[PDB]
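K.L.:
Below is the sequence, then the experimental coordinates.
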Amino acid sequence: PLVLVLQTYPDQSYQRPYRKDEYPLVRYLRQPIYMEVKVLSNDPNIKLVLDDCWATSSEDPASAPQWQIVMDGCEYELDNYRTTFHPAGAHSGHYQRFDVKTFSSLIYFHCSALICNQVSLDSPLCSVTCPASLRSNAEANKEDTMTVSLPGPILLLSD
């Protein structure tokens, strides 16, 4: 089994992740929060991709209310979040880096993600077109994904 994690980094340099005892983080509205979904491996073939990312006001990723950040591999802006991806310029496919921007509140962040082996059996999420089209009633479906959350919440403050 391959194992995924969701982490936050201090800045766009992605030098080291925040650890648990540094949470809760403190951020301001419209300030970028630099996040990464990473595979803990060492296989060069594999490529990590996101499915959904969303925020809750309680620790439980299943709790309501929710704000959608990423949907079907693409930025979702309708819930008042902006996401910017950060491609790497080795093992580039072992992680997906992105920053999120929000438009005093305590927020918990989660993503769902999966791995691509470059095989016919690869998820549709392995090659996607963005922006993503909204789902129909029947279109709702679950890929085989792992849910990952941050070690702690983030406090959003008004600038």
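P.N.:
Here it is on my side, so go on. Residues are numbered from 1 along each chain as shown.

K.L.:
wait, doesn't residue 99 sit right on residue 30?
P.N.:
No: contact criterion Cβ atoms under 8 Å: residue 99 and residue 30 do not qualify, at 11.6 Å. Every residue, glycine included, has its C-beta placed from N, CA and C.

K.L.:
Neighbour count: those two, which is higher?
P.N.:
More neighbours sit around residue 99 than around the other of residue 99 and residue 30, counting by other Cβ atoms under 10 Å; the figures are 19 against 11.

K.L.:
who's in contact with the more buried one?
P.N.:
Shown in contact with residue 99 (Cβ atoms under 8 Å, 6 or more residues apart in numbering): 12, 32, 33, 34, 35, 83, 84, 86.

K.L.:
Let's have the residues you listed in a markdown table, adding distance to residue 126 and neighbour count.
P.N.:
Formatted as a markdown table, the entries for these read as follows, by distance: Cβ to Cβ, whole Å; neighbours: other Cβ atoms under 10 Å:
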| residue | distance to residue 126 | neighbour count |
| --- | --- | --- |
| 12 | 26 | 12 |
| 32 | 27 | 17 |
| 33 | 26 | 21 |
| 34 | 24 | 20 |
| 35 | 20 | 23 |
| 83 | 19 | 19 |
| 84 | 21 | 13 |
| 86 | 19 | 16 |
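
K.L.:
of the residues you listed, closest to residue 105?
P.N.:
Distance from residue 105 was checked for each of the contacts of residue 99 by Cβ to Cβ. The minimum falls on residue 33, at 13.6 Å.

K.L.:
Quick check: chain neighbours aside, which residue is closest to the closest one?
P.N.:
What sits nearest to residue 33 in space, not counting adjacent residues and going by Cβ to Cβ, 6 or more residues apart in numbering, is residue 100, at 5.0 Å.

K.L.:
The nearest residue to residue 124 once chain neighbours are set aside - how many residues pack around it?
P.N.:
In space, not counting the residues next to it along the chain, residue 124 is nearest to residue 143; the distance is 7.6 Å by Cβ to Cβ, 6+ apart. Here the count is done by other Cβ under 10 Å, and residue 143 has 15 residues near it.
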